[PDB]
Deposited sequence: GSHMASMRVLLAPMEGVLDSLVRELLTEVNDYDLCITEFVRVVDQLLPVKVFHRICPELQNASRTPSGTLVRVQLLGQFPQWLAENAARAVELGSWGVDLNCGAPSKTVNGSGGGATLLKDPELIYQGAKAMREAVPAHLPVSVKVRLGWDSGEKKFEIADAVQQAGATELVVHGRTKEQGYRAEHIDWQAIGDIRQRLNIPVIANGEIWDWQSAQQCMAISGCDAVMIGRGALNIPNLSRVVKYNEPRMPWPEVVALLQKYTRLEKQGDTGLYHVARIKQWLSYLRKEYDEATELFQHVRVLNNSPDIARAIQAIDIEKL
């Protein structure tokens, strides 16, 4: 039966939003924003700012497990930073092989799958054996020709599981190009679990994805902001969160403190989440207009909190 992962989303799904979402969902796991590794062991404070859940045994307050993601190339430094992530409490570690476009990392590793093998292998070897080492890949740089070589590099590295985002790097976030079929081909070749990713917005689209890919584990990104209870919609075919409950969730958000807030976190992030929500809720367009021009946190917090959920 079905696993649903919350995707890593740099600048969107930080610890606050992971707190808020996990409370009203049944996500099986969340991935952190990437920790960017070059050629040094990063200090403890970087891992704690990216993953505050490390001080709660790698769990959000409602209890959902969280896993730190690394983005980088050099095997020695991926290994040292992976070991630190798990020593700090991370429930395994994830390698990013999908980020666009320099120091090597993300999607660039997809041009030479040997680098995926070396990076992931060194990670697997530095992390205690029963903690998961996952890798998240796109299908290729500007084509899908190497997708089997990529998947095979991850498996031969000894990785626990592979998430496949069903697009090349050059295909971006374009909907017409999603290739759940290719995820399925990859799933049939590998012995390790393959988790499908891309263009899951609701129950029906998750059913289509699982039917076509053959996966019963999926990862959801953008759709998890559009519809804040998407995991339950997808798993149990519940209705999308009603608009008054979405507004209550945003109110809660405005009451969470962001560590190191340079002053405009809620201005930024309330407006950002609203731009996702208006793809789905007519009501989010009105609310976005009402807060559009508020340019400080006191003002936006006061306006969001003043909305009467009963009216």
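Stretches of the deposited sequence lacking C-alpha coordinates, numbered from 1: 1-5, 107-110, 321.
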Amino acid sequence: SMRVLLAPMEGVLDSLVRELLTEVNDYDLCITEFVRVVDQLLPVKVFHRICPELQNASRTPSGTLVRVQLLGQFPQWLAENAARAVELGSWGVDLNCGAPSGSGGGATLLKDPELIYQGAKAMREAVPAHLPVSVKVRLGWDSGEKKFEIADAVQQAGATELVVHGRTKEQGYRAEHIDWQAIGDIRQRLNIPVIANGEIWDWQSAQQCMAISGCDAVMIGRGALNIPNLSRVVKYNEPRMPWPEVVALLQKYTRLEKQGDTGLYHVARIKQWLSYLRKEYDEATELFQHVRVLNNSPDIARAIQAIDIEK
From here on, numbers count along this sequence of modelled residues.
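For the two regions 272-280 and 60-68, the entry's Cα B-factors average higher over 272-280. Comparing 123-131 with 141-149, the stretch with the higher mean C-alpha B-factor in the PDB entry is 141-149. Of the candidates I227, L95, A85, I178, the deposited coordinates give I178 the top C-alpha B factor. The entry lists C-alpha B-factors for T160, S213, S90, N81, and the highest of these is at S213.
Per-chain ranking of the deposited C-alpha B factor places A7 in the lowest third. When all modelled residues of the chain are sorted by CA temperature factor, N295 is found within the highest third. Ranked against the other modelled residues of its chain, the C-alpha B-factor of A206 as given in the entry falls in the middle third. Remark: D261 belongs to the middle third of its chain, ranked by C-alpha B-factor as recorded.
Annotation for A303: C-alpha temperature factor in the highest third relative to the rest of the modelled chain, per the entry.
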